[PDB]
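Before any comments, here is the structure.
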Amino acid sequence: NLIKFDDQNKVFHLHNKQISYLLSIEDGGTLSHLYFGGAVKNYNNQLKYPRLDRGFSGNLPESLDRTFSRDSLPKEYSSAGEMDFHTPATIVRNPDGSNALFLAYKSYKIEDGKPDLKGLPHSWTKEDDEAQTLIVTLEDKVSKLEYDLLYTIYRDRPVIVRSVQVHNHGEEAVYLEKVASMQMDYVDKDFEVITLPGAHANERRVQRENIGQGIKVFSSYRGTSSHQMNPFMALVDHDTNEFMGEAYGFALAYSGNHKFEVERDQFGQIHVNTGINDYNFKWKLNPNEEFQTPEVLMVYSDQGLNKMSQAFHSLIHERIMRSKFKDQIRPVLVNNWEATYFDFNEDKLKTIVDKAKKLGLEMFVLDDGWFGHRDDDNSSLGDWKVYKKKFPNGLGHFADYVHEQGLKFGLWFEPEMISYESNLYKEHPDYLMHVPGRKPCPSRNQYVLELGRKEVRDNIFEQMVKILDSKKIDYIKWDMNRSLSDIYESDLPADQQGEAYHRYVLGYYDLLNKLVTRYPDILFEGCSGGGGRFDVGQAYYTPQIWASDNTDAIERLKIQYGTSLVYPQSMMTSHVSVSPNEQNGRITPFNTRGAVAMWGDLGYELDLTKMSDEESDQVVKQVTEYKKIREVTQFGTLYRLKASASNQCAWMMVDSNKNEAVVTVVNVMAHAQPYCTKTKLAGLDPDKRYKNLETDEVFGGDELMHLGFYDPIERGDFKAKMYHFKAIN
Amino acid sequence: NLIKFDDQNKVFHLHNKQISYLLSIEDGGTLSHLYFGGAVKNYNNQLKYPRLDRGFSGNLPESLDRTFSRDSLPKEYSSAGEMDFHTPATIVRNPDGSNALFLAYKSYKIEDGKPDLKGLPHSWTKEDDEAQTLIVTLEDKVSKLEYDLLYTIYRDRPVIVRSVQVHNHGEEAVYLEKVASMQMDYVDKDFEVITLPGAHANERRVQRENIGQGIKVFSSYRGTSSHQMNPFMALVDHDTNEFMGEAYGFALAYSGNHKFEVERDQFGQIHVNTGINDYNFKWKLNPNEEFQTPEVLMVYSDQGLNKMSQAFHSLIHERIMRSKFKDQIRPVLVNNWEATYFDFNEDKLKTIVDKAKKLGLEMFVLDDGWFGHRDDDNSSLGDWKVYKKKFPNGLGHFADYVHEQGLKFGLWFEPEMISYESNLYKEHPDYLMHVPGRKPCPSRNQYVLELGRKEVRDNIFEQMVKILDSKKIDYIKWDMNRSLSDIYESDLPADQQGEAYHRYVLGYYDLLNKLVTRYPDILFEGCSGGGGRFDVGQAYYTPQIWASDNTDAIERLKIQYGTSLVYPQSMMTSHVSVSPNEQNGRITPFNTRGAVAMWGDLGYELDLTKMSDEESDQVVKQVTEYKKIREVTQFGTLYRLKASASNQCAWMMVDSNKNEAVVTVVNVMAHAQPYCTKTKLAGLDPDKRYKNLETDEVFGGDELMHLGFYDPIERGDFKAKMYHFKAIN
Amino acid sequence: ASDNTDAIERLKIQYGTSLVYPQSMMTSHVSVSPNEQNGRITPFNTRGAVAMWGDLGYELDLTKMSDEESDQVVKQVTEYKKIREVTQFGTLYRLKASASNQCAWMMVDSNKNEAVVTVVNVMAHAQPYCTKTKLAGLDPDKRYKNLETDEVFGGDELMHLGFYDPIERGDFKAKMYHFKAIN
Amino acid sequence: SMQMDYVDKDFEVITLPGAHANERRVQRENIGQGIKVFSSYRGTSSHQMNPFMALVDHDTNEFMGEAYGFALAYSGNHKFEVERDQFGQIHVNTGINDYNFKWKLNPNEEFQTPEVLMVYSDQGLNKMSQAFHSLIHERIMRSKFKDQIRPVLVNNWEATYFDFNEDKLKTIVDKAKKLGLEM
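Chains as they are written, first to last, in the deposited numbering: chain A, 4 to 732; chain B, 4 to 732; chain C, 550 to 732; chain D, 184 to 366.
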């Protein structure tokens, strides 16, 4: 069906209408990568790697053929100790102290659908016939280890999904010092690389570079996927842009330490690994045990980055996210954090609720400060019980009030964290993650829990169900405000402390899965001081994620633009916040804040009771208009049109039948002598006729995409305009 | 004089007329990097790092101050487990299984001269007073480790030399999983990075790149400094070129596995480590032991890359090389490898000696094939006794014949290597480096010796002195023709197998040092399939090195150009070889091979007896000319003028008093309609008057550097011209 | 120099004008905000600092200024009279071009005893990169007192080390420095 | 007014294009084969293209590298031509634009062109600019005021446009006086 093995020339071919993926069994049972790209009907050996004696690239054991080398062949995988000098995909530590591993082809099987990954988020299928998986097994006969390489192709997607499962069939333990989820080697490709670096309050700007000889590394070891480097990269041709050219995307489905490596070697070849970062990673694999890596989603586009991005959005939204809310319009909420910070009580919050109701908002979210005795960020983490001074009648009483006003109710937690000045720390001080005999380093004056221990998770779990069993909470904002610095797990032997990072993430997933599974009618929004854990693995549990603590309309342009490179727009949230902006002091028009916050799932995060009449009227109009378009903005096909470095940022959504489109154009710097700009649309049907619903003028889809229209000329920095088109009969 | 500590502001200042280097003791005893660059007389706290609370950049143990972080401060050093998220300079494994180290300032001392590095090559002083060394001690009071950071400054050079010595003052062992020789952090610099990648027969092309957010790694783990990536890196301004702009050069004095890391972080700062590669590196440091790293040479130029390169040339030549030959003109020799390969006997070689004498050559080097039963490269490594079939009366009989013809005699060895097909292997099979139980991988159908074992080194040492004590050998070419792939040392415990790479190099150095020390009157030429081990460390033992097995005049332009970026031209050798070229098939003029080969130390490597009469005449003239100019070409100050991607490559040497200059200009591709080009000189005295010794015309130095001269126009590819100027009274 | 009197677009106009023409040849006025030609909003102090690069003037209805703006004018005028000999006639060095997100320049009197430096930041950032400003045109062996802080630095320090620019929130912000050689 | 031909130079060209309310941004380009023309025929030297050009090495910046500056001393139509030819040589003309220029020169008459100032810097654009500043200020400008501090003036144009009378201007004058303005 989708996957065939030609036993004549030892070539595996994964194939659908859009893509072909070819790999083969070369000399020494070496698994060789041939091709990933546009579909071909057949293969006829034209990509067999040329034989050449290359100085200092050595050969297979006992071989006299100097023209074949594992140091030059493009491959599907690699290891330390096989006469390869590229950065290896896997590294094993053997009882004799060596790091040797020499993998050779053993067998394969082809099966329908794709197997569940134990303890990890993963992509899946609705019907078994919609995908197939190839599992190629390699073995080292001396250490008796077997590596299963998994490859999944979906029938209807330009996607290959890969991961690795290691098995110890020997009599002694080994340690896994590194296990990449995949490796891909290219020949005669002159790619550029695109990644999404950033910082707190500055996530995921698009960065794009040449690849020189050596290794470029994009990674995190913060215990999280991180603000500073998203687990994603794309390889593109020099000329690829948003609308044309080839692109290969690689998204790692994992929310902890990642490592993407892009190496160009001495023969001009590009070698790529992705998976769990090997930094302090050393997994003890006992006899008869197995280790499963997270998976990587790989997308090929033959036609620009929007098309690449759209394939990620569709896969994530349709075959990764489990939430019952994933296909449901998301509520327009007010969140009180920037509005009040810690300085509030119930009565203060009730006036905000009352104002939210008059403005037509749909949900009120209670943010940090409701619990323990949290008056500031120096205490109380670990004590998930209401702070009575602020809620004298309990939380249920406030929740009832919110519901009474026609609003849903949301609540913030930070389940992974603990403060010295908490009841939790006084009763269970060993729950705090640290190295015994060493003072731990603080970050935001708090510390991290040992989520690798069941007892620790059970305690936090029980605290939480005590609040959530009332079913008065409709939504949970799950936050996480520091990286891991003191890496240890107190109940493991010394020789297993290389497991602490990954066991932390497994425990996080386990606790999280337990809560979203127990409360399927709760909308969970992920958060980590903004977008510090914004990845495909997280999507599996939370259908939306706070993109950034930076709520400036202008800096949000670059953050939402970069985020959309991988993640569907319904997965990121965006709030209208006060001006001057609280993080950078920028002054922006209220209407621009609105229009930028409608790209993600719209909400409000400012003190609504302090808005002028004029601002309130604008909120009324924004919310009324958003309710009419949000099915299209939240779930339509997304096209990036213009990137902010150009002084304009523009994007649009089109519904799946191309009958309706919503376009936004934002101008950054004003100029006294402005150049005329045009905006051209994308993704319309050239033979439909579209009415501009503001002006009632009608335009062929062909006109909107080829002619476009003039952006209106106006004075003032930071101005936006929106357009709404609908196909007529 | 050169080093001061201000104990009130806690600032160390190393200073001479050219450079200043500033570092301070910051909060928490954190050693902070302030500045390295043009000299300043005083310092007044203006570079104190700004305090800002940065999200997810955590703080010191027990500190309430969030505006200071080891994750944002620029530093002299760093480690895993100190709340820093950059790639760490050092990583330690403790008995409790953790990788935590927390270093804090302990004390300093300032000494004259600089201390010897045990078991390693290093720079040194002739008079104590020409340099001073600052040693800053940092400690971790829990593990009781102490790290000594050494900083040496020479009075008359724009150089800082750095290394690290780790001491275990606790009661239990630790393991060192990484120990960088140096770290340097920069603020608000938008550098490009230059490196010297290549391949076998394609070494050290200049590569130049932008630095994006993430980590760029330039490294080797071939057990040698390598063909693929030289242990060198420079950081430069975007507008820096050969003649102007700032440049920072870093050369690691080490001939094993290296790793240069250049990270640009989330706050736009650039973070650099250099040292021994941490790949499979794990050094067990028992109580009361120490570990010394190789040193790094750092050069600052405020005026282009020529001036940076010249500071390295001068340091290497005057204060690193130890050979009695280092200041002596190098012989014009013939080497028979490309002339005959393996297919020769004594009588064939004698005709070549005879022709060499007629042509005025000064030395004959007997290359591979003279020993064991070496008829091809499938046997005999490890059997260093003459091959009686080829030398029926012994090696001394041939050596004597060479001397009778008035030439010196050189001999090739590959002391680090072993063939299965050898007496060495038959008698001592366990000398062969391999993981017990695993067939080793072959490369050039040979294997590596366990140089980490005294027994093994002594065996080879004794074989070699038996030949060399005859006093009949004036020169040794020391070759090494494959990388290390099966990494183990049979006499170490399993938990010390992470010492195998570094013990191998230490053993190599130990054997090499012993031999060069016993034979001060022998000229040693290093080699490793060409330039696979061309580094500052090797220079300490061998004053010249075979630059590449590529002997094509045109590809050698790029190899020699990139080589000269760090290494004095007297350290590289270059031979006129046959056309068509044996490696790439290019056809070049005999004159062009001559001119390109006089940049390095000139030699011939082709069957002299087969040359036409016209070529013999060219050789006679080349050799007669070279003897006149070679004091200037071999030891004069070097200036690169034009790089070959321009279609021209040009360079010149000027003697120390600027009275004599030799210039070479090579045109690569001809054109039917050629543009006129000019060549301008550099490094002359503008107020001297220089006679062109071919034409007798006289030009002011100012004219030669400002006006230059037209290059002659000719047809034909791959043509060269040389000029020789001398100052007149 | 231009009918455009926006402090921010004036950075590029004044920068390109100075490529050829002495600064005393161009005039620059403090004008109202929002700017009348492009609608940009800028701090009053930034308009002052950019308008002192050329020969300073005011072009706005002085009778409509708030008391706070009038005090700023009094202070701008008082400061400008002290320094204008150097800013109008000192040797001009451009230091930073606005596309870098900063525009900076400085004037040094003919004996290198006095210098006036201006640094203007265009876009604010939530997560700002530290920047330094290095001076040019000073005597490396003179010692120069910052007249605001009273701290003293060698000419060599000010040109090779420079100093950290202060980190502030808000778009379109300026800082000036006045150095004078001491005995 | 002049012509300059270069051999084996791989210059970039800097010019000062703009528009009304947007004059003299720095622009910097490669020179390909063909002719690049920078000019005015507005009867003035113009907002759109200042009569100035510099040729610089690729690595030249504000502080280092060679630069050649060419300023045409003329306030009418100019034309700067930078031609790179079929043999890689660079040919430059500067003078009065020839566009609808046709001057009848009778027997025994003469025609004098405006002059071009050419500056060579061996050390960056600041140094080039400083030489233009010094020449223009000391050897071109004739005005008695050229060496005198320039007055801090208020100009009423953006303050009132056309809508004023004397009484209104007098209130602005009074306020200007309180603020310490001089004209």
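Heads up, the beta-carbon is just placed ideally off N, CA and C, and yes, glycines get one too.
| query | If the cut is a Cβ gap below 8 Å, which residues of chain D does A:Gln-331 touch? | reply | Within 8 Å Cβ-Cβ: nothing; A:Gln-331 doesn't reach chain D, min ~50 Å.
field: alpha helix (DSSP H) segment containing C:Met-655, residue limits
entry: First-last for C:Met-655: 651 to 657, but that is the beta strand (DSSP E), not the alpha helix (DSSP H).
Would you report the Cα separation of B:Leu-255 and B:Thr-136, rounded to the nearest angstrom? Straight through space, the alpha carbons of B:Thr-136 and B:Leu-255 are spaced by roughly 18 Å.
inquiry  = Is it buried or exposed, B:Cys-679, if we count other Cβ atoms within 10 angstroms and call 16 or more buried?
reply    = Classification for B:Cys-679: exposed.
Along chain C, which residues have their Cβ under 7 Å away from the Cβ of B:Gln-306?
-> None at all; the shortest Cβ gap to chain C is about 14 Å.
field: D:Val-209 versus C:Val-671, C:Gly-588, C:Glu-717, C:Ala-648, residue with shortest Cα-Cα distance
entry: Of the candidates C:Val-671, C:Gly-588, C:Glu-717, C:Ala-648, the residue whose Cα lies closest to the Cα of D:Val-209 is C:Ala-648.
Short of 9 Å Cβ to Cβ, which residues in the segment 285 to 301 of chain A face chain B? Listed by position, the residues of the segment 285 to 301 of chain A near chain B (Cβ gap below 9 Å) amount to none.
* **For A:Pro-334, the three-state DSSP class (helix, strand or coil)** => Coil.
### Query
Where B:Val-177 and A:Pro-234 are concerned, what is the direct C-alpha to C-alpha distance, given to the nearest angstrom?
CA-to-CA, the gap between B:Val-177 and A:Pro-234 works out to about 33 Å.
- Task: Using only alpha-carbon positions, find the residue among A:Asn-244, A:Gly-271, A:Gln-168 that is nearest to A:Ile-218.
- Result: A:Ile-218 has its Cα closest to that of A:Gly-271, out of A:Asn-244, A:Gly-271, A:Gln-168.
Handout entry: A:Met-311 - DSSP class collapsed to helix/strand/coil
Key = Helix at A:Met-311.
Check your understanding: Under 8 Å between C-beta atoms, does D:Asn-205 make it to chain A?
Key -> With 8 Å as the cut-off, D:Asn-205 counts as an interface residue toward chain A.
From which residue to which residue does the beta strand (DSSP E) around D:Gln-186 run?
-> D:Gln-186 -> beta strand (DSSP E) spans 185 to 189.
task = Kindly identify the DSSP beta-bridge partner or partners of A:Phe-253.
result = A:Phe-253 pairs with A:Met-236, A:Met-301.
What is the DSSP secondary structure of B:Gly-58, counted as helix, strand or coil? B:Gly-58: coil per DSSP, three-state reduction.
Practice prompt. Could you check if B:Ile-590 is buried or exposed, using at least 16 other CB atoms within 10 Å of its CB as the buried criterion?
Written response: By the neighbour-count rule (16 or more Cβ atoms within 10 Å), B:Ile-590 is not buried but exposed.
Query raised in the report: What's the gap between the Cα of B:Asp-115 and the Cα of B:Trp-127?
Result: A straight-line Cα-Cα distance of about 11 Å links B:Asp-115 and B:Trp-127.
Q.
I want to see whether chain A comes within less than 8 Å of D:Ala-237, judged by CB atoms only; does it?
A. No - not a single Cβ of chain A is within 8 Å of the one on D:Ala-237.
> Using a Cβ-Cβ cut-off of 7 Å (strictly less than) and excluding sequence neighbours within five positions of A:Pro-715, which residues of its own chain qualify?
Replying inline: Same-chain partners within the cutoff: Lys-724.
*asked:* Measuring only the C-alpha atoms, how far is B:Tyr-404 from B:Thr-140?
replied: For B:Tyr-404 and B:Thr-140, the distance between alpha carbons rounds to 59 Å.
Note to self: What does DSSP give as the partner residue(s) for B:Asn-448 in the beta ladder?
What the structure shows: For B:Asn-448, no pairing in a beta bridge is given by DSSP.
Exercise. Is A:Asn-47 buried or exposed, if buried means 16 or more other CB atoms sit within 10 Å of its CB?
Worked result: That one is exposed.
When the Cα of A:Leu-611 is compared with those of A:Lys-327, A:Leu-362, A:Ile-156, A:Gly-173, which residue comes out closest?
-> For the residues A:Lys-327, A:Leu-362, A:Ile-156, A:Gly-173, the minimum Cα distance to A:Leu-611 belongs to A:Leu-362.
### Task
Starting from the beta carbon of D:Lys-327, find every residue of chain C whose beta carbon is closer than 9 Å, and list them in chain order.
Under the 9 Å cutoff, chain C gives no residues; its nearest Cβ is about 14 Å from D:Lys-327.
### Query
Does the pairing of the segment 195 to 210 of chain B with the segment 544 to 564 of chain B give three or more beta-carbon distances under 8 Å?
Yes, the segment 195 to 210 of chain B touches the segment 544 to 564 of chain B.
Report buried or exposed for B:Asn-12, applying the criterion of at least 16 other Cβ atoms within 10 angstroms of its Cβ. The C-beta of B:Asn-12 has fewer than 16 other C-beta atoms within 10 Å across all chains shown, which makes the residue exposed.
* Ignore the nearest five residues each way along the sequence and tell me which others in A:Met-301's own chain have a CB closer than 6 Å to its CB. => Answer for A:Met-301: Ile-163, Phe-253, listed in chain order.
*Spatial neighbours of B:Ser-326 in its chain, beta-carbon cut-off 6 Å, leaving aside the 5 residues before and after*: Counting only Cβ-Cβ distances below 6 Å, and skipping sequence neighbours, we find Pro-546.
- Neighbour flag for A:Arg-596 against chain C, beta carbons, 8 Å: Cβ-Cβ to chain C under 8 Å: no for A:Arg-596.
Check: Using DSSP with H/G/I as helix, E/B as strand and the rest coil, what is A:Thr-612?
Finding: Reduced to three states, the DSSP call for A:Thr-612 is helix.
- Among the residues of its own chain, which have a CB less than 6 Å from the CB of A:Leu-308, if the five just before and after it don't count? Beyond the five residues adjoining it in sequence on each side, A:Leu-308 comes within less than 6 Å, by CB distance, of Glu-245, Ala-250 in the same chain, given in chain order.
query: Can you tell me where the beta strand (DSSP E) with A:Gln-210 in it begins and where it stops?
result: Run containing A:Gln-210: 210 to 213, per the beta strand (DSSP E) assignment.
- Message: So within the segment 471 to 534 of chain B, which uninterrupted beta strand (DSSP E) runs reach at least 3 residues, ignoring any that extend past its ends?
- Response: The beta strand (DSSP E) runs lying completely inside the segment 471 to 534 of chain B and spanning 3 residues or more are 478 to 481, 526 to 529, given in chain order.
D:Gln-231 Cβ short of 7 Å to the ligand PLP heavy atom set: The ligand PLP is not part of the structure shown, which contains no ligands of any sort.
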